[PDB]
Amino acid sequence: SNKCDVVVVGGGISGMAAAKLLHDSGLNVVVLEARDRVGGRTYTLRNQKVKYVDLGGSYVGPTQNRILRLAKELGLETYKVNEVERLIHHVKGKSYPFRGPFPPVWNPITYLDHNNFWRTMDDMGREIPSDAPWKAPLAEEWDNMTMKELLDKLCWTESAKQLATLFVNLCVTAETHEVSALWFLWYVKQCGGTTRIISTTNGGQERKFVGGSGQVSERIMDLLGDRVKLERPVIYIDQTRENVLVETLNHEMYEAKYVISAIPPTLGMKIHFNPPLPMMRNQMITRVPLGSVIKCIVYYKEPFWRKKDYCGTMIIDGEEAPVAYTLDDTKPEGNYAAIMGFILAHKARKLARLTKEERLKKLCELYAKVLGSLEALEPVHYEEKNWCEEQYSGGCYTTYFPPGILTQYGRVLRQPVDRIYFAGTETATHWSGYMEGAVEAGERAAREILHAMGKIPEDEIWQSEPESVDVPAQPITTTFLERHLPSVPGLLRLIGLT
Amino acid sequence: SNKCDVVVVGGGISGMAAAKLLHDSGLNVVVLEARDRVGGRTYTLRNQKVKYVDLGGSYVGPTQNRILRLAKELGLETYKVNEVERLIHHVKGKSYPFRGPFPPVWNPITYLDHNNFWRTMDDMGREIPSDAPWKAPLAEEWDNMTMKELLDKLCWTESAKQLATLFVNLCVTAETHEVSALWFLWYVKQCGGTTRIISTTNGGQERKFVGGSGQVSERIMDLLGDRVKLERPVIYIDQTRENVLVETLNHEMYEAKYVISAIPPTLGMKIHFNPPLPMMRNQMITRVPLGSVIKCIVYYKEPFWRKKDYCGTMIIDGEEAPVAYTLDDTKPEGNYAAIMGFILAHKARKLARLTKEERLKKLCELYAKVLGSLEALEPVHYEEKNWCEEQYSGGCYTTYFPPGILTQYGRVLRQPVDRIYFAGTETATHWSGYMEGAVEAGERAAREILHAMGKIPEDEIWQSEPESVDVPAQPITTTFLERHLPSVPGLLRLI
Ligand SMILES: *Cc1cc2c(cc1C)nc1c(=O)[nH]c(=O)nc-1n2C[C@H](O)[C@H](O)[C@H](O)COP(=O)(O)OP(=O)(O)OC[C@H]1O[C@@H](n2cnc3c(N)ncnc32)[C@H](O)[C@@H]1O
Ligand SMILES: *Cc1cc2c(cc1C)nc1c(=O)[nH]c(=O)nc-1n2C[C@H](O)[C@H](O)[C@H](O)COP(=O)(O)OP(=O)(O)OC[C@H]1O[C@@H](n2cnc3c(N)ncnc32)[C@H](O)[C@@H]1O
Ligand SMILES: O=C(/C=C/c1ccccc1)c1ccc(C(F)(F)F)cc1
Ligand SMILES: O=C(/C=C/c1ccccc1)c1ccc(C(F)(F)F)cc1
């Protein structure tokens with residue numbers, strides 16, 4: 001048996017951040033990784049046609065200080081996603097160019113409903129503790145309804161309900177009827193709320209890494225050398241003896257003081273446990289699926305949309321569109337002109353039936369109509385990745401909680417099981433679902449183990465992160481009118497009173 | 001490597017039924033069972049205090065002809081669950097004795113609401129094909145709603161909503177807000193409707209096996225001998241080569257022409273596949289949890305409830321009661337007097353934190369109140385099983401579908417993956433979730449392999465079952481008034 005202090009299961013950003021912190025603290029770590037590569041839900045493809053492209057996790061932004069610090073220490077740089085020209089909101093077959101993070105509306109009644117929808121998501125968010133969403137005062141009531149039921153109660157206009165539906169689909173790669181209202185409200189609040197999560201400039205989608213996000217996991221692998229074991233899927237964890245035994249699919253045995261599970265929670269199911277998991281984790285890892293997404297990148301000779309004063313951002317409502325959201329994916333140098341689009345939730349299932357060529361054709365025709373541009377029909381190259389296919393991911397971007405599960409099972413997500421500690425973005429309390437959350441969770445799990453070993457006091461398990469000097473965070477602000485304009489039901493109450 | 005015609009993964013009723021059919025046709029079968037026992041979600045414990053007790057699946061009834069034929073061939077007999085005396089509905093702190101399958105109501109508005117709720121479950125089921133619930137005309141509408149939403153829409157009275165909620169909790173060991181309305185309506189319809197699924201006399205709970213349901217899987221293991229490998233959890237399936245390779249956790253390798261997966265769908269996640277599973281199956285097996293239940297049996301010196309003209313059936317509304325439903329578990333001789341109770345769904349999760357003795361005390365004080373008898377406070381023995389604990393079940397009774405999953409992934413459940421065919425009660429089209437469904441799905445999956453081998457024609461894969469001579473089904477009837485009384489909003493539209 002190969003002996004060490006800590007086995008880390010999974011060489012994603014979370015596992016690799018954990019392994020590096022333990023290695024830096026002078027412990028002997030092994031990383032057991034299922035795939036022939038590190039990075040997990042991050043994957044940077046390199047070829048002559050694209051140079052490099054993120055097929056998984058890509059965007060970082062302000063308030064994501066841990067992934068920024070980690071990446072800067074490994075010698076990586078960021079650049080800004082193109083948001084110089086106009087965004088497009090495409091609704092009912094027509095494109096409406098706009099500026100600012102929120103797609104605007106002119107109908108006064110529709111304006112009240114839209115303003116009240118975003119405001120109410122944040123209002124409800126402020127009731128939900130980041131580190132214990134089940135302690136929200138109405139946790140039970142909100143967890144026992146889907147986001148569909150919540151939008152049916154909140155949205156007094158089809159226009160707000162359609163944009164709200166797209167917001168859920170895009171943010172968590174799941175249908176409104178699939179997800180807990182409590183869990184979704186938590187997810188948005190723990191990323192800093194509606195404006196921060198939806199924004200390119202000043203939000204989640206502001207930046208990409210020069211050379212791709214896969215470099216984070218690769219460069220930590222370089223520092224760890226042969227401590228990373230590729231094509232070692234873990235099958236078996238035994239805690240009945242003094243040292244934890246960890247067995248891989250190729251029959252290798254690792255022996256450790258402690259284990260970090262840095263895999264998506266449900267992929268816990270791929271491991272046979274001795275003794276059996278406690279009841280609540282046993283059931284929790286069968287109740288927490290990952291969302292569905294195809295990330296598609298169409299290449300063009302030039303970023304032609306910019307010549308029409310379009311930045312490349314498209315927000316596209318409704319059923320017929322294969323893609324509901326795009327960003328400019330052009331290199332910072334201005335070359336390898338490209339549009340990144342997501343095929344979301346049920347469409348990732350429905351359209352997987354097509355060939356790569358048939359999906360490229362549908363995306364080109366959509367982009368031609370939305371951009372009013374025949375050049376969109378002249379792609380030079382295409383890359384895509386259906387994350388629904390991945391045995392060792394289960395989906396992307398992250399784990400969603402169906403109705404009733406977060407209040408019954410949420411406590412056990414990062415609860416240690418004897419000498420097993422839980423990392424993975426899903427166990428984060430800030431930007432859970434993101435690369436940021438992966439770094440928070442890996443470092444926190446590593447420090448739980450350092451605490452258990454008596455190397456650090458308890459108050460060092462959770463540590464705040466200094467703000468990036470490279471990517472300073474502009475605060476989120478509201479106007480007086482945004483704060484106090486009535487809802488549609490509010491307005492009707494005012495009317496009736498008069 | 002150990003070579004055979006078919007490896008069956010799982011030695012529950014479904015895997016054993018499949019293995020027996022294939023063995024009987026002259027194929028060399030191996031059954032790989034993760035546990036040190038067969039039976040899976042069935043488990044019969046024997047000791048001097050109980051003689052025998054079903055701690056998992058127990059009840060069989062009319063229209064369940066496959067489990068009744070298989071058990072009969074294995075030498076098993078049934079006896080009737082005691083329903084001679086009165087059932088009890090305990091509502092707002094008081095016991096209301098009754099007869100007939102449906103707890104009655106006296107308020108005329110509440111009466112319209114109750115009548116409408118049961119009738120509407122069956123009306124909606126009539127449009128849901130048993131073999132394809134996703135082809136229901138309103139499949140997407142019904143799938144994108146929870147049973148909580150449907151009950152909030154349908155039930156104008158708290159009385160009807162409390163009993164409908166208990167119905168869902170009892171039937172599928174899950175909360176109304178956890179489950180798809182489409183999936184739940186399918187589940188009821190594919191057991192023959194509300195009356196058939198809730199009934200003791202002439203329904204699903206009519207009978208038990210003399211000596212326990214465990215004997216079904218045990219006696220098929222007896223027939224198959226050392227073709228059954230106990231403590232062989234399957235970890236890896238490789239279909240890249242000429243023969244399928246199946247590896248176990250103890251590093252044994254089995255080589256076969258075909259595989260039957262006879263495990264709960266989600267427990268497919270415990271197996272690493274080469275090549276990877278197709279996308280839709282890869283995601284489906286992360287979306288399909290099993291429900292939560294503690295099955296509890298309190299033993300008494302005598303079936304004392306019978307002295308008060310109670311049969312031992314208790315229907316107990318509300319949050320406070322640990323147990324919402326009981327049946328008499330007394331043996332047919334009138335000895336080993338016992339009450340079987342279920343601790344359902346969230347209560348299985350909440351009350352798991354207590355000790356065994358603390359659960360016994362709560363159950364005995366509840367039974368004392370409902371049965372109005374101090375004798376309930378004097379148990380002679382207790383047995384219980386928390387099915388939430390089981391690494392190789394994931395829960396009980398069966399797999400539930402959360403909103404949106406059945407329409408998007410339902411077609412995947414019995415779709416073959418190269419030379420892997422799918423058994424398990426979850427894949428049945430009649431009494432899916434039951435021992436009956438297990439037999440249906442095991443035999444159908446075995447016959448899919450006999451067809452792939454050219455041994456039987458396509459039209460023999462699915463096979464009707466002659467009706468049991470021992471347990472014949474009596475028709476389900478309704479009254480003129482049940483069919484035609486208006487709903488509450490019906491009565492309001494008239495006013
Ligand atoms: C898929 C995706 C996700 C994503 C995104 C777009 C797509 C298409 N966009 C993002 C974005 O722009 N910005 C961002 O910050 N996040 C974005 N995401 C999410 C992001 O990729 C993830 O949150 C993050 O990468 C997750 O990191 P974590 O380290 O927690 O998880 P992982 O990447 O899944 O790594 C787990 C590793 O474990 C291995 N594995 C699995 N099972 C085993 C077993 N049994 N034994 C050993 N190793 C195992 C996996 O192979 C993986 O490497
Ligand atoms: C738990 C339970 C279920 C139940 C019930 C009450 C409770 C508390 N009441 C029932 C009732 O009164 N009447 C009835 O008809 N059903 C009732 N049920 C449900 C019933 O028990 C089940 O529907 C039925 O037993 C299901 O059988 P099936 O054969 O489909 O599935 P299983 O019993 O779970 O068997 C699966 C076997 O596979 C083994 N396993 C699991 N993973 C592996 C791996 N990786 N490798 C090898 N073997 C594996 C399991 O150990 C099990 O033996
Ligand atoms: O929540 C998000 C966007 C919401 C939104 C944007 C524009 C208009 C309305 C909603 C959003 C969240 C995450 C991602 C990521 F991580 F995958 F890249 C992309 C987008
Ligand atoms: O649906 C069931 C009973 C429903 C019911 C009975 C009386 C009043 C209201 C609902 C019911 C379903 C299954 C089981 C079993 F086989 F798992 F034990 C037991 C009971």
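Start at 1 and go down the list; that is how both ligands and their atoms are numbered. In the text below, chain A, chain B and the rest are named by the order of the sequence lines, each starting its count at 1. These values consider heavy atoms only, across backbone and side chains, with no hydrogens, waters or symmetry-generated copies.
- Heavy atoms of B:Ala262 found under 4.0 angstrom from ligand 2 belong exclusively to the backbone.
- With sequence neighbours excluded, no residue satisfies salt bridge (charged side-chain N to carboxylate O under 4.0 Å, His left out) with B:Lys270.
- Here the closest non-hydrogen pair linking B:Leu290 and B:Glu426 is CD2-OE2, 4.2 Å.
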Test ring pair (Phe, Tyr, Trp, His ring centres under 6.0 Å) on B:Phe102 and B:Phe117 and set out the steps.
-> CA-CA 12 Å; B:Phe102 291 99; B:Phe117 160 72; 9.5 Å; no
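- With a 4.0 Å cut-off on non-hydrogen atoms, B:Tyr59 touches ligand 2 through its backbone as well as its side chain.
- Proximity annotation for atom 48 (N) of ligand 2: of B:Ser393, B:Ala34, B:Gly12, B:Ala34 comes nearest, heavy atoms only.
- The closest approach between a heavy atom of B:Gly424 and any atom of ligand 2 is below 4.0 Å.
- For B:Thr42, the side-chain contact (heavy atoms from CB on, under 4.5 Å) test picks out B:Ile13, B:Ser213, B:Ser217, B:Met435, with sequence neighbours left out.
- Checking only distances, B:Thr425 does come within under 3.5 Å of ligand 2, N or O to N or O.
- Below 4.0 Å from some heavy atom of B:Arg35 lie the following atoms of ligand 2, by number and element: 50 (C), 51 (O), 52 (C), 53 (O).
- The protein heavy atom nearest to atom 45 (N) of ligand 2 is B:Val234 O, 3.1 Å.
- Ranking protein heavy atoms by distance to atom 27 (O) of ligand 2, first place goes to B:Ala438 CB, 3.7 Å.
- A donor-acceptor contact closer than 3.5 angstrom links the side chains of A:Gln283 and B:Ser292.
- A salt bridge links B:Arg232 with B:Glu252: at least one charged nitrogen is closer than 4.0 Å to a carboxylate oxygen.
- Closest of all the heavy-atom pairs between A:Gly125 and A:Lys189 is O-NZ, 3.0 Å.
- Not less than 6.0 angstrom separates the ring centroid of A:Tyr397 from the ring centroid of A:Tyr59.
- Note: A:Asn169 CG to A:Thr176 OG1 = 7.0 Å, rounded to the nearest 0.5 Å.
- Residue-ligand proximity, B:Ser14 to ligand 2, at heavy-atom distances under 4.0 Å covers atoms 28 (P), 29 (O), 30 (O).
- For atom 18 (N) of ligand 2, the closest non-hydrogen atom on the protein side is B:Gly57 CA, 3.6 Å.
- Around ligand 3, the residues contributing at least one heavy atom under 4.0 Å from the ligand are A:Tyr59, A:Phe167, A:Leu170, A:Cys171, A:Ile197, A:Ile198, A:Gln205, A:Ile315, A:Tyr325, A:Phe342, A:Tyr397, A:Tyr434.
- Using cut-offs of 30° and 60° for the angle between ring planes, the A:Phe98 and A:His89 rings count as perpendicular.
- Between the side chains of B:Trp118 and B:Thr195, no donor-acceptor pair of N or O atoms lies under 3.5 Å.
- Between atom 15 (O) of ligand 2 and the options B:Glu426, B:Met435, B:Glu436, the minimum heavy-atom separation is to B:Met435.
- Residue B:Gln64 places no heavy atom under 4.0 Å from ligand 2.
- Heavy-atom contacts of B:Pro233 reach the following atoms of ligand 2: 46 (N) (cutoff under 4.0 Å).
- Distances below 4.0 Å separate heavy atoms of B:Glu33 from the following atoms of ligand 2: 37 (C), 38 (O), 39 (C), 48 (N), 50 (C), 51 (O), 52 (C), 53 (O).
- Donor-acceptor pairing under 3.5 Å is lacking for the side chains of B:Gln190 and B:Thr429.
- Here the protein heavy atom with the shortest distance to atom 42 (N) of ligand 2 is B:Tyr392 CD2, 3.6 Å.
- Taking atom 6 (C) of ligand 2 as the reference point, the nearest protein heavy-atom neighbour is B:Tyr397 CD2, 3.5 Å.
- Between B:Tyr187 and B:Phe184, the two ring planes are parallel [angle under 30°; tilted spans 30° to 60°].
- Ranking the protein heavy atoms by distance from atom 31 (O) of ligand 2 puts B:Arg41 NH2, 3.2 Å first.
- Nearest non-hydrogen protein atom to atom 23 (O) of ligand 2 is B:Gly433 O, 2.7 Å.
- For the residue pair B:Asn202 / B:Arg196, a side-chain donor-acceptor distance below 3.5 Å is found, with atom types taken as modelled.
- Below 4.0 Å from some heavy atom of B:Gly10 lie the following atoms of ligand 2, by number and element: 37 (C), 38 (O), 39 (C), 48 (N).
- For ligand 2, the atoms sitting less than 4.0 Å from at least one non-hydrogen atom of B:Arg232 are 47 (C), numbered in the order shown with element in parentheses.
- Within the structure, the closest approach of B:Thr398 to ligand 2 does not fall below 4.0 Å when heavy atoms are considered.
- Stacking of B:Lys385 on the aromatic ring of B:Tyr43 is recorded, both the 6.0 Å distance cut-off and the 45° axial limit being met.
- Shown here are the side-chain contact (heavy atoms from CB on, under 4.5 Å) partners of B:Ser393, two or more places apart in sequence or in another chain: B:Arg35, B:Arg41, B:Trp387, B:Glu390.
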Could you go through the ring pair (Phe, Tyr, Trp, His ring centres under 6.0 Å) check for A:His272 and B:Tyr392 one step at a time?
-> CA-CA 10 Å; A:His272 302 244; B:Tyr392 297 110; 5.7 Å; yes
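- Looking from atom 47 (C) of ligand 2 to the surrounding protein, the closest heavy atom is B:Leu32 O, 3.3 Å.
- The pair A:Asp329-A:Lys208 counts as a salt bridge, with a side-chain nitrogen and a carboxylate oxygen less than 4.0 angstrom apart.
- Remark: ligand 2 atoms within the under-4.0 Å shell around heavy atoms of B:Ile13 are 29 (O).
- At a 4.0 Å cut-off, at least one heavy atom of B:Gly39 sits close enough to ligand 2 to count as contact.
- Less than 4.0 angstrom separates some heavy atom of B:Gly40 from each of these atoms of ligand 2: 33 (O), 52 (C), 53 (O).
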